[PDB]
């Protein structure tokens, strides 16, 4: 065994305060994000609404998930004057984050595929692969780090990490393929946005696997702190940063459909205070 479980390390009063600060800040940031997303939901045409439902869905999940994480943190540690001594429920803090990713990540895939130009079965087939792959990716990590031998088996820890990486590649390929296939059909402005969004999500993903293997280089209050805080910053940056991108795309693509005269939108669409489309009503219909 070379695996030093992070929920075994004792935390300083300062460390305990920092972890709580970032966790709650994150949760609040998501509530702010969720509120924004909801209010700016009708800025997108019915065609790209899947992008909105997915985003709002993930933010909702992330929000609640982080509430559990916070609770586990508060009920997972005891003050001993030598710092904060882990309980039997401290493991739940790490466990809870996996639960979040299991649901949050799959929704992120659909969100990206939603703004992609994939049509008919090609689209439906891609989603199924991505969702299943992303879900499996996280589950495999959960099995190795938490489930198997209480995450103390160095063999399993590494084995399932590799199995997970397999799924990670499957996901990256399907998404990259779908983005690259769509880019040609999109306008230059839309093409750029989609690419930007894809990069933010796919690129960020790398941080998670790296943090997973840190426990191998030993255990410590500081390390445990780094692991938790980093993952929090990662979750907030990716989820919020990426979400804003997919939205701007949906709007651009919506405005384009309006200008092209393919569809109509009941309000004017703006981006950085630059009008993209004008308000329009459908034609009155007789029966």
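Residue numbers count along the first chain shown, from 1.
Asks: Out of 162 to 170 and 118 to 126, which stretch has the higher average CA B-factor listed in the record?
Replies: Per the deposited B-factors, the answer is 118 to 126.
Asks: Going by the mean C-alpha B-factor recorded in the entry, which is higher: 81 to 89 or 94 to 102?
Replies: For C-alpha atoms only, the mean B-factor is higher in 81 to 89.
Asks: Looking at 207, 108, 202, 72, which one carries the largest C-alpha B-factor according to the PDB entry?
Replies: Reading the PDB entry, the winner on C-alpha B-factor is 202.
Asks: Place residue 146 in the lowest, middle or highest third of its chain's C-alpha B-factors, as listed in the PDB entry.
Replies: Tercile = highest for this residue's CA B-factor.
Asks: Going by the CA temperature factor in the PDB record, which third of the chain does residue 221 belong to: lowest, middle or highest?
Replies: Answer is middle: the recorded C-alpha B-factor places it there.
Asks: What third of its chain's C-alpha B-factors does residue 48 belong to: lowest, middle or highest?
Replies: Middle third by C-alpha B-factor.
Asks: Sorting the chain's CA B-factors, does residue 276 end up in the lowest, middle or highest third?
Replies: Highest third.
Asks: Rank-wise, by C-alpha B-factor, drop residue 38 into the lowest, middle or highest third of its chain.
Replies: Answer is middle: the recorded C-alpha B-factor places it there.
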